[PDB]
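Each chain gets a letter, A, B and so on, in the order the sequences are listed, and its residues count up from 1. Only heavy atoms go into these numbers, but all of them, side chains included; no hydrogens, no water, no symmetry mates.
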Amino acid sequence: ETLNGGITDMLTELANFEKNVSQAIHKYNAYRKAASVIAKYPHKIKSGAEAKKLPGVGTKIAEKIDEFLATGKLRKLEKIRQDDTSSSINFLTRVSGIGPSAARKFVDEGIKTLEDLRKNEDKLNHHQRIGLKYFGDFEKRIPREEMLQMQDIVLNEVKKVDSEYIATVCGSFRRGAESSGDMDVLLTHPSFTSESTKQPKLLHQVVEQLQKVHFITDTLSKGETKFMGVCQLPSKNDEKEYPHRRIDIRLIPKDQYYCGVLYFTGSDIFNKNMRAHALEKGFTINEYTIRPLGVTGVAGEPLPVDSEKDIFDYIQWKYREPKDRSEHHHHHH
DNA sequence: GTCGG
DNA sequence: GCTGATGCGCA
DNA sequence: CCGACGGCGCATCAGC
Ligand SMILES: [Cl-]
Ligand SMILES: [Cl-]
Ligand SMILES: [Cl-]
Ligand SMILES: [Cl-]
Ligand SMILES: [Cl-]
Ligand SMILES: [Cl-]
Ligand SMILES: [Mn+2]
Ligand SMILES: [Mn+2]
Ligand SMILES: [Mn+2]
Ligand SMILES: [Mn+2]
Ligand SMILES: [Mn+2]
Ligand SMILES: [Mn+2]
Ligand code: NA
Ligand code: NA
Ligand code: NA
Ligand code: NA
Ligand code: NA
Ligand code: NA
Ligand code: NA
Ligand code: NA
Ligand code: NA
């Protein structure tokens with residue numbers, strides 16, 4: 001059904017192998033870039049030559065594409081798939097808090113499976129233990145209807161703490177997706193601007209409230225502006241429990257809301273491409289500001305921004321609505 | 001790994 | 001304490 | 001051993 005589905009799944013697999021096993025992050029990013037441009041390509045790829053025309057596809061992927069098209073597989077990937085060490089390493093990184101270095105360490109110590117990992121809980125830090133505890137639940141996606149209930153709860157409780165907070169659910173949700181990986185909330189409040197923090201514990205108060213009402217159930221990491229943890233909807237009387245979910249909360253200066261909401265709306269790929277296009281135009285964008293780079297590549301003063309579109313205009317891109325910042329694929333008959 | 005020098 | 005490096009996470 | 005590739009928050013360590 002997915003047009004060029006075979007190719008893009010191959011490149012995604014290779015990407016995960018480079019990131020997770022090889023610890024080669026640039027090759028990860030190359031394979032990701034290549035799989036992104038191919039999936040958005042509206043034609044059937046017939047040869048490596050044709051793929052090579054696209055930006056991000058060079059000689060080695062085209063070569064891989066030629067092989068895949070001829071044989072229906074890739075020998076490199078078949079060998080990786082056979083390697084139990086490479087497989088277990090790859091698998092352990094799916095646990096939140098376990099990245100490529102801790103996975104490799106664990107596998108070399110004989111920790112190869114989910115069952116093994118539970119038995120070695122005392123090797124795990126808190127982040128990892130919570131990721132393990134909820135590993136099955138965090139695999140599941142969240143239907144938009146549950147996203148709306150999660151929204152209702154978050155916005156009710158923020159308003160209880162202080163009616164001047166504004167919470168905005170970003171991520172896939174803001175891009176209109178029918179299901180989401182997790183819930184990403186952007187928080188602002190007038191006391192926190194880029195120039196001053198006139199109130200203390202602005203993020204901590206909201207988090208405390210969300211735990212007090214037993215929405216937030218666990219914490220992975222927590223600072224002054226970013227919270228990362230776990231939440232769960234209330235189940236009704238006698239109906240089964242809802243799964244636990246990942247929730248991110250990011251407090252952003254009130255005067256930089258637009259760079260903020262652009263960042264937290266994503267997608268990640270869109271952001272990396274948008275920020276890459278800024279660089280070639282002579283700007284640098286982060287979640288706070290868009291700045292010009294001087295002759296030496298040092299950023300200068302923030303430019304004024306009164307809307308998301310102002311950011312796109314500075315870098316000569318047509319505005320793209322949030323729905324159009326998601327990745328997309330094409331189909332065949 | 002791909003691109004821009 | 002500061003800084004800066006590594007590891008992990010976010011979009 | 002051509003070097004850039006988006007950019008940053010939190011956690012933890014090392015060297016000063
Ligand atoms: Cl690399
Ligand atoms: Cl294969
Ligand atoms: Cl894009
Ligand atoms: Cl900044
Ligand atoms: Cl997407
Ligand atoms: Cl890179
Ligand atoms: Mn489809
Ligand atoms: Mn397309
Ligand atoms: Mn998300
Ligand atoms: Mn998230
Ligand atoms: Mn303008
Ligand atoms: Mn994500
Ligand atoms: Na197909
Ligand atoms: Na190319
Ligand atoms: Na992980
Ligand atoms: Na509501
Ligand atoms: Na903490
Ligand atoms: Na659960
Ligand atoms: Na561009
Ligand atoms: Na204005
Ligand atoms: Na990066």
Side-chain angles (χ1 to χ4, degrees), chain A residues 11 14-15 17-20 22-37 51-65 76 92-106 124-128 130-131 138 168-175 177 180-186 203 219-229 246-253 256 259-281 283-291 293 297 299 311 315 322 325-327:
Chain A
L11 298 167
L14 281 174
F17 173 78
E18 295 301 351
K19 175 174 197 269
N20 289 328
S22 311
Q23 294 179 68
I25 200 66
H26 302 296
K27 299 190 180 189
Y28 161 80
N29 291 322
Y31 276 125
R32 290 251 293 172
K33 182 168 188 150
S36 187
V37 62
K52 195 168 187 321
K53 297 172 146 151
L54 301 171
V57 180
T59 298
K60 300 188 83 182
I61 296 176
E63 254 147 60
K64 288 161 165 53
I65 284 174
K76 181 175 179 48
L92 293 189
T93 75
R94 297 162 65 189
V95 171
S96 188
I98 305 177
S101 176
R104 173 169 297 257
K105 174 70 138 47
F106 296 156
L124 302 184
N125 74 33
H126 181 77
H127 192 321
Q128 296 167 338
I130 300 310
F138 293 169
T168 309
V169 180
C170 301
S172 57
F173 179 82
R174 185 151 184 279
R175 308 199 300 281
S180 294
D182 73 332
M183 193 197 192
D184 299 302
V185 186
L186 181 51
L203 184 57
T219 293
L220 299 177
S221 79
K222 184 183 168 309
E224 306 216 316
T225 68
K226 182 173 71 75
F227 170 84
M228 178 185 300
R246 284 278 291 106
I247 178 156
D248 293 320
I249 305 170
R250 186 71 199 267
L251 176 73
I252 274 309
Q256 293 178 154
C259 291
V261 78
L262 182 66
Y263 155 65
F264 218 32
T265 296
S267 62
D268 61 347
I269 287 147
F270 175 88
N271 286 349
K272 189 179 175 293
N273 288 340
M274 178 157 195
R275 290 171 178 195
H277 176 74
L279 288 175
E280 60 199 23
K281 292 304 184 170
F283 300 98
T284 184
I285 294 166
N286 57 27
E287 63 254 61
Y288 304 119
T289 63
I290 171 161
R291 292 163 187 265
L293 306 167
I311 302 162
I315 76 178
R325 309 185 199 166
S326 302
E327 286 280 278

Nucleotide forming a Watson-Crick or wobble pair with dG5(B), both distances under 3.5 Å: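 Answer to the pairing question: none, since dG5(B) forms no Watson-Crick or G-U pair.
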Could you identify the nucleotide paired to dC1(D), looking across every strand shown and requiring Watson-Crick or G-U wobble geometry with both distances under 3.5 Å?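 The base-pairing partner of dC1(D), which may sit in any strand shown, does not exist here.
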Can you tell me if NZ on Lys105(A) sees more than 12 non-hydrogen neighbours from other groups inside 6.0 Å?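 No - once you tally the heavy atoms of other residues, nucleotides and ligands closer than 6.0 Å, there are 12 at most.
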With positive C1'-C2'-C3'-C4' meaning north and negative meaning south, how does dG1(B) come out?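 Here the sugar adopts a south pucker, which is what a negative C1'-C2'-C3'-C4' value indicates.
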Could you state the [atom1]-[atom2] distance from [X] to [N], rounded to the nearest angstrom?
X         : N       : atom1 : atom2 : value
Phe264(A) : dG9(C)  : CZ    : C1'   : 11 Å
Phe106(A) : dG7(C)  : CZ    : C1'   : 12 Å
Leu11(A)  : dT2(B)  : CG    : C1'   : 13 Å
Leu220(A) : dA11(D) : CG    : P     : 10 Å
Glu280(A) : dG6(D)  : CD    : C1'   : 12 Å
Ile247(A) : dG9(C)  : CD1   : P     : 18 Å
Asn273(A) : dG6(D)  : CG    : P     : 8 Å
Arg94(A)  : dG9(C)  : CZ    : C1'   : 17 Å

Tell me what [X] touches on the nucleic acid: a base, only sugar-phosphate, or nothing, going by heavy atoms under 4.0 Å.
X         : value
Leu203(A) : nothing
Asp268(A) : base
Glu287(A) : sugar-phosphate
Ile285(A) : sugar-phosphate
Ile25(A)  : nothing
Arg175(A) : sugar-phosphate
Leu262(A) : nothing
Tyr31(A)  : sugar-phosphate
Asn125(A) : nothing
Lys33(A)  : nothing
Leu279(A) : sugar-phosphate
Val95(A)  : sugar-phosphate
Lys272(A) : base

Run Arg246(A) and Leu220(A) through side-chain contact (heavy atoms from CB on, under 4.5 Å) and show every step you take. CA-CA 10 Å; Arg246(A) 284 278 291 106; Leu220(A) 299 177; 3.9 Å; yes
Nearest listed nucleotide, side chain of [X], among [options]:
X         : options                 : answer
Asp182(A) : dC8(D), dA11(C), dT2(B) : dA11(C)
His26(A)  : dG7(D), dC5(D), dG9(C)  : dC5(D)
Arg246(A) : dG9(C), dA11(C), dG7(D) : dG9(C)
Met228(A) : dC10(D), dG9(C), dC8(C) : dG9(C)
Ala102(A) : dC8(C), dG1(B), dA11(C) : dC8(C)
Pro100(A) : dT2(B), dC10(C), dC8(C) : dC8(C)
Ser221(A) : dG9(C), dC8(D), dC10(D) : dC10(D)

Heavy-atom closest contact (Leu203(A) atom, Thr225(A) atom, distance):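 What the structure gives for the nearest pair is CD2-C, 3.5 Å.
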Work out how far the [atom1] atom of [N] is from that of [M], and round it to whole angstrom.
N      : M      : atom1 : result
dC8(C) : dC1(D) : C1'   : 29 Å
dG9(D) : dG1(B) : P     : 32 Å
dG3(D) : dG7(C) : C1'   : 24 Å
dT2(B) : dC8(D) : P     : 28 Å

Tell me whether the OP1 or OP2 atom of [N] has a side-chain N or O from [X] closer than 4.0 Å.
X         : N      : value
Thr93(A)  : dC8(C) : no
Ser101(A) : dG7(C) : yes
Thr284(A) : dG6(D) : no
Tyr288(A) : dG6(D) : no

Toward the 5' end of DNA chain D, which comes first, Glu224(A) or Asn29(A), by nearest nucleotide?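 First, find each residue's nearest nucleotide; the 5'-ward one identifies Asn29(A).
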Backbone N or O of [Y] within a donor-acceptor pair of the [X] side chain at under 3.5 Å?
X         : Y         : result
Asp248(A) : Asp184(A) : no
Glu18(A)  : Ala24(A)  : no
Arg175(A) : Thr265(A) : yes
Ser267(A) : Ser326(A) : no

The test is side-chain contact (heavy atoms from CB on, under 4.5 Å); show your working for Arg104(A) and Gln23(A) and say whether it passes. CA-CA 10 Å; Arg104(A) 173 169 297 257; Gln23(A) 294 179 68; 3.3 Å; yes
Could you check whether the side chain of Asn271(A) and the base of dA11(C) have a donor-acceptor pair of N or O atoms closer than 3.5 Å, going by distance alone?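 Yes, a donor-acceptor pair under 3.5 Å.
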Assess whether one donor atom and one acceptor atom, taken from the side chain of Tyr263(A) and the base of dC10(C), lie less than 3.5 Å apart.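 Yes.
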Can you tell me whether the side chain of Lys226(A) sits in the major or the minor groove, going by heavy atoms under 5.0 Å?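 Contact groove = minor, per side-chain heavy atoms under 5.0 Å.
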Which is it for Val261(A) and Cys170(A) under the side-chain contact (heavy atoms from CB on, under 4.5 Å) test, yes or no, and what are the steps along the way? CA-CA 7 Å; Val261(A) 78; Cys170(A) 301; 3.7 Å; yes
